[PDB]
**Student:** 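The structure that follows is given in the form of structure tokens.
Numbering of residues begins at 1 and proceeds along the displayed sequence.
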Amino acid sequence: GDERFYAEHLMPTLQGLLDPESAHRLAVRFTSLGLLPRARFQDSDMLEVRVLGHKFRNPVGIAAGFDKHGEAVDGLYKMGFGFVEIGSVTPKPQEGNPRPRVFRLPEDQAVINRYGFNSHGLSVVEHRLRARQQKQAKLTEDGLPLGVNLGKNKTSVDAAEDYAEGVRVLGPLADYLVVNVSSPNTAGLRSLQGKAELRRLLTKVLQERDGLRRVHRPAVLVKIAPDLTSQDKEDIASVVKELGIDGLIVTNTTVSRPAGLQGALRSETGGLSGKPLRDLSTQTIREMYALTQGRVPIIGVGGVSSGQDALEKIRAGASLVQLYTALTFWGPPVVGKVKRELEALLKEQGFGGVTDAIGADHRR
Ligand SMILES: Cc1cc2nc3c(=O)[nH]c(=O)nc-3n(C[C@H](O)[C@H](O)[C@H](O)COP(=O)(O)O)c2cc1C
Ligand SMILES: O=Cc1ccccc1/C=N/Nc1nc(-c2ccccc2)cs1
Ligand SMILES: O=C(O)c1cc(=O)[nH]c(=O)[nH]1
């Protein structure tokens with residue numbers, strides 16, 4: 001589990017052999033088999049966070065899109081993540097976009113993807129989660145919660161029914177559900193972020209959620225884009241407070257292409273993730289936290305690869321953070337690296353723990 005060794009030798013060699021999608025499939029396979037160093041970092045109490053009705057023993061999660069179909073959940077906890085989000089999962093199985101559909105931008109430490117919600121579908125994922133449901137219940141009680149990210153099928157007419165089906169089928173197996181209305185890779189999906197569509201969609205989602213038995217009733221979060229207008233953000237904040245939405249995930253990938261991208265593949269269609277997304281995401285967190293008066297838990301995501309990156313999002317208003325793209329460049333040791341650096345920085349800056357740092361920039 002040598003950070004320098006994975007970063008300098010292992011990851012580049014696998015990247016040099018495999019196209020990104022093959023590398024991803026292989027990584028999911030290795031992870032699901034537990035073929036990783038069991039992370040040696042023991043989580044300090046400073047890293048514990050209580051939010052969303054749960055204890056999280058550390059605030060660093062794996063973002064949706066890595067384990068799309070719920071195959072590697074246990075291997076991901078073994079890697080040291082404090083929580084795992086699987087998905088997005090669509091109601092029916094679907095293949096997603098034609099290949100190639102994932103591209104590396106090594107010079108930018110970025111990735112562009114246009115998977116298009118390739119998904120084994122609700123039924124397959126439901127059976128997969130059911131087979132380990134009681135083990136997850138113990139993990140959750142031990143501070144390692146599970147989130148499920150819901151998508152909608154390409155040919156679906158009623159998006160709200162797609163999401164409602166997801167709540168009914170996977171809601172009982174999740175600590176939190178994410179309504180993903182921000183994928184750049186499904187036509188018309190992001191328009192669900194608009195005020196009228198969003199209110200109607202989320203009213204239905206919450207009704208379905210509230211109809212679940214108490215012990216099987218997940219928190220509901222909305223995952224938003226980094227490309228929203230100020231008007232969009234105000235409207236989302238308003239709907240979230242009107243309806244009692246439990247939290248926000250901020251942010252998905254960007255359809256923008258920031259000035260300065262060097263990668264040859266920078267003009268590929270898709271969502272861009274990684275370092276060029278980092279500060280755009282951080283600023284969106286800052287804005288959403290202010291618009292919700294610090295009362296709505298935020299999971300911050302986008303370009304996190306270090307303790308400093310994590311702490312900047314936490315200070316901007318995130319209670320938890322996730323990463324994905326960094327894992328593809330640095331490998332598994334990046335998880336312990338982020339946690340160890342985060343702990344050191346919290347101590348350097350005079351915080352008793354993560355909880356004290358949440359939103360600290362707003363109180364300056
Ligand atoms: C290859 C790939 C697939 C992704 N698939 C999903 C997805 O299915 N659902 C979702 O909500 N986000 C998905 N994401 C977005 C991540 O969850 C995250 O929001 C984004 O990548 C920014 O975080 P990062 O810079 O640490 O990668 C995907 C990202 C990548 C790179
Ligand atoms: O290579 C590009 C890429 C693009 C999209 C999604 C994943 C990847 C590659 N990921 N490579 C990873 N390898 C691991 C890994 C896991 C266990 C042992 C060694 C490496 C985790 S993520
Ligand atoms: O499946 C996708 O392509 C996908 C979904 C999503 O939510 N975000 C992303 O970058 N890609």
Side-chain angles (χ1 to χ4, degrees), residues 51-56 61-65 67-71 73-74 76-77 83-94 117 119-141 143-153 156 158-183 189 192 197-224 239-240 243-249 252 296-299 320 322:
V51 70
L52 298 177
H54 297 275
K55 161 197 288 198
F56 292 74
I62 177 71
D67 193 3
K68 280 178 175 284
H69 330 291
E71 297 168 296
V73 177
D74 294 294
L76 288 164
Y77 292 121
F83 64 108
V84 167
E85 184 171 311
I86 66 158
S88 298
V89 190
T90 58
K92 291 162 169 163
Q94 64 173 40
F117 282 164
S119 175
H120 293 176
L122 284 177
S123 283
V124 164
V125 175
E126 173 214 314
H127 288 129
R128 219 167 257 146
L129 295 185
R130 276 181 176 183
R132 60 177 296 284
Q133 181 171 18
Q134 292 302 320
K135 171 157 70 181
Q136 183 59 56
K138 292 186 180 65
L139 289 163
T140 295
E141 189 63 58
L144 297 174
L146 174 66
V148 174
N149 183 310
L150 300 175
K152 82 162 196 76
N153 280 119
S156 178
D158 184 19
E161 186 59 28
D162 273 25
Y163 292 103
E165 288 176 22
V167 175
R168 291 193 291 247
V169 176
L170 295 185
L173 295 150
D175 293 312
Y176 71 84
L177 286 174
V178 185
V179 178
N180 184 10
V181 291
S182 50
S183 172
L189 196 80
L192 298 174
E197 318 263 15
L198 185 65
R199 180 191 286 111
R200 165 186 171 280
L201 164 71
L202 296 183
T203 295
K204 181 173 190 48
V205 168
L206 292 164
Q207 283 170 351
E208 297 281 357
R209 191 277 309 269
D210 290 344
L212 299 176
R213 284 159 71 87
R214 179 192 185 279
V215 311
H216 291 284
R217 206 179 280 150
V220 170
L221 291 77
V222 177
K223 182 166 184 179
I224 70 180
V239 171
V240 158
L243 297 182
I245 287 286
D246 303 292
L248 290 169
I249 306 204
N252 216 310
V296 174
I298 292 164
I299 302 182
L320 301 170
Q322 294 173 324

**Student:** Could you pull out all residues at least two apart from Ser183 that satisfy side chain to side chain donor-acceptor pair (under 3.5 Å)?
**Tutor:**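 So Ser183 forms no side chain to side chain donor-acceptor pair (under 3.5 Å) with any residue.
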**Student:** Could you pull out all residues at least two apart from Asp158 that satisfy salt bridge (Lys or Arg N to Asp or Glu O under 4.0 Å)?
**Tutor:** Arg200
**Student:** What pair of heavy atoms forms the shortest contact from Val205 to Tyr163, and how long is it?
**Tutor:** CG2-CB, 3.9 Å
**Student:** Supply the atom-to-atom distance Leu192 CG to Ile224 CD1, rounded to the nearest 0.5 angstrom.
**Tutor:**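 With rounding to 0.5 Å, CG (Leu192) is 14.0 Å from CD1 (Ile224).
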**Student:** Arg168: which residues meet the salt bridge (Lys or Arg N to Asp or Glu O under 4.0 Å) condition with it, sequence neighbours left out?
**Tutor:**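 For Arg168, the residues satisfying salt bridge (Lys or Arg N to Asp or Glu O under 4.0 Å) (neighbours in sequence not counted) are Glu161, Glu208.
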**Student:** Which pairs pass side chain to side chain donor-acceptor pair (under 3.5 Å) with one or both residues in residues 121-131, sequence neighbours excluded?
**Tutor:** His120-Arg128, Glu126-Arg130
**Student:** In Å and rounded to the nearest 0.5 Å, what is the CD1 to CD1 distance from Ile249 to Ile298?
**Tutor:**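 With rounding to 0.5 Å, CD1 (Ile249) is 11.0 Å from CD1 (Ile298).
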**Student:** Excluding sequence neighbours, so at least two apart, what forms side-chain contact (heavy atoms from CB on, under 4.5 Å) with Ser88?
**Tutor:**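 Applying side-chain contact (heavy atoms from CB on, under 4.5 Å) to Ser88 gives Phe117, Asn149, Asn180.
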**Student:** Look at the side chain of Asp246 and the backbone N and O of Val220, then say whether any donor-acceptor pair between them is shorter than 3.5 Å.
**Tutor:**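 Pair found, side chain donor or acceptor close to backbone of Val220.
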**Student:** Just do the side-chain contact (heavy atoms from CB on, under 4.5 Å) check on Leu129 and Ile86 with the steps written out, would you?
**Tutor:** CA-CA 10 Å; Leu129 295 185; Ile86 66 158; 4.0 Å; yes
**Student:** Nearest 0.5 Å, what's the CD1-CD distance between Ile299 and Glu85?
**Tutor:**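 Going from CD1 on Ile299 over to CD on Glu85, the span is 6.0 Å.
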**Student:** Taking salt bridge (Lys or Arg N to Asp or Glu O under 4.0 Å) as the definition, give me every residue that meets it alongside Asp67, ordered by chain and number, with sequence neighbours left out.
**Tutor:** none
**Student:** If you compare all heavy atoms of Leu76 against all heavy atoms of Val84, which two are closest, and at what distance to 0.1 Å?
**Tutor:**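 The answer is CB-CG2, 3.7 Å.
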**Student:** If you round to the nearest 0.5 Å, how far is CG of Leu52 from CG of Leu320?
**Tutor:**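 Going from CG on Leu320 over to CG on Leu52, the span is 6.5 Å.
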**Student:** Please examine the side chains of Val169 and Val89, heavy atoms only from C-beta on, and report whether any two atoms are closer than 4.5 Å.
**Tutor:** no
**Student:** For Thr140, which residues count as a side chain to side chain donor-acceptor pair (under 3.5 Å) partner, sequence neighbours excluded?
**Tutor:**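 For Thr140 the side chain to side chain donor-acceptor pair (under 3.5 Å) partners, ignoring immediate neighbours, are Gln136, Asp175.
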**Student:** Do any N or O atoms from the side chain of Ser119 and from the backbone of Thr90 form a donor-acceptor pair under 3.5 angstrom?
**Tutor:** yes
**Student:** Can you tell me how far CD1 of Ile245 sits from CZ of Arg209, rounded to the nearest 0.5 angstrom?
**Tutor:** 7.5 Å
**Student:** Kindly indicate whether the side chain of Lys152, heavy atoms from C-beta on, has any atom under 4.5 Å from the side chain of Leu201.
**Tutor:** no
**Student:** Under the side-chain contact (heavy atoms from CB on, under 4.5 Å) test, which residues partner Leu144, sequence neighbours left out?
**Tutor:**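 Expected list: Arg57, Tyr77, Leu139.
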**Student:** Does the side chain of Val181 reach to within under 4.5 Å of the side chain of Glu197, using non-hydrogen atoms?
**Tutor:**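 SC-SC contact between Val181 and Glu197 ruled out.
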**Student:** Could I get the full list of ring-ring contact (aromatic ring centres under 6.0 Å, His included) partners for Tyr176, not counting sequence neighbours?
**Tutor:**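 So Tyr176 forms no ring-ring contact (aromatic ring centres under 6.0 Å, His included) with any residue.
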**Student:** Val239: which residues meet the side-chain contact (heavy atoms from CB on, under 4.5 Å) condition with it, sequence neighbours left out?
**Tutor:**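 Residues passing side-chain contact (heavy atoms from CB on, under 4.5 Å) with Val239: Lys195, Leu198, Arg199, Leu202, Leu243.
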**Student:** Quick one: closest heavy-atom pair of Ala174 and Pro218, and the distance?
**Tutor:** O-CB, 3.4 Å
**Student:** Write down the atom of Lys223, the atom of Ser182, and the distance for their closest heavy-atom approach.
**Tutor:** O-OG, 2.7 Å
**Student:** Just jot down the side-chain contact (heavy atoms from CB on, under 4.5 Å) partners of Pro91, sequence neighbours excluded, or say none.
**Tutor:** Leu122, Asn153, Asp162, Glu165
**Student:** Is there a side-chain contact (heavy atoms from CB on, under 4.5 Å) between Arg132 and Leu146? Walk through the geometry before answering.
**Tutor:** CA-CA 12 Å; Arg132 60 177 296 284; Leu146 174 66; 4.2 Å; yes
**Student:** Which residues pass the salt bridge (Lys or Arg N to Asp or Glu O under 4.0 Å) test with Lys92, sequence neighbours left out?
**Tutor:**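 Partners of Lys92 by the salt bridge (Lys or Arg N to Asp or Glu O under 4.0 Å) criterion come out as none, since no residue qualifies.
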